[PDB]
Structure formats: C-alpha cells, structure tokens
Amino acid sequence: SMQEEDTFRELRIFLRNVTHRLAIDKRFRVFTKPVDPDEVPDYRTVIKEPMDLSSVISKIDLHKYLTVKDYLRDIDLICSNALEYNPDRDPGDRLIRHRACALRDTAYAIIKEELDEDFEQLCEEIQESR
C-alpha cells in the first residue's frame, strides 16, 4: 500500500540521519570507506564480507534495509570485522578495537533513545507479510 511505502521512506530517513552522525565522528574515520587493496592486499583474504559506512548509505538508498534490525546486522559486521582482523595486544590493534566497540555501542544507544518500538514492530510486520 501507499501507507506501507511511506513507512519504509520514514525508515530510510531515520537510518541516513543515524549513519551521518556516526560518519562525522573523528573516532570512526577508519570505518567511513572500504579498505584500500593497496594498504592491505591481505584484507580481502581474511575478511569474507567487508563493510563500511559509505557502503551502508549506498544500501539504504538501494532499499536493502526494511527493518532497523537488518541495518544493525551491518553495524555489527563493521565492528566484528575490525575485532577479527586486529586481534593483537599492541597499541594500534587495541586502539581500532576500542573505536569499533564505540561505533557499535554509539549506534545502539542512538536507536535506544530515538527509535519508537511500535515503528520498528510495524516495519517487521509489513516485511513478514511480503
């Protein structure tokens, strides 16, 4: 229905606004673009599904997310990719892990404060009907 398409348009507006607030935070610069093959040719052999905040905005615009849950699976994949690729005790690895955990926790905290639980349940019920 037209009302259902208006629901999904509101979901996309919400997700673009959360993603922009993450992307401008200086702590999260390392997560704003895909990893360059030139800097890590090793990256794509270890990490089987790369993800970054630029790719997330492209996916919002392609209508890939019909619920906040499916958006948070990609935020969680940005974080888990960084924890798995950079697991060592040295300071460079510990700094990117701390920033990855902060990206995840910040996204969840904005959603907790600003998403209406009844809006998310409506998106889930439209998705399940298709």
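Sequential numbering from 1, following the sequence displayed.
Mean CA B-factor, 14-22 versus 118-126: the higher value falls on 118-126. According to the PDB record, 41-49 carries the higher mean C-alpha B-factor of the two stretches 59-67 and 41-49. Looking at the C-alpha B-factors along this chain, the one for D105 belongs to the middle third. Ranked within its chain, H98 lands in the middle third, by CA B factor from the PDB record. In the PDB entry, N86 places in the highest third of its chain by CA B-factor.
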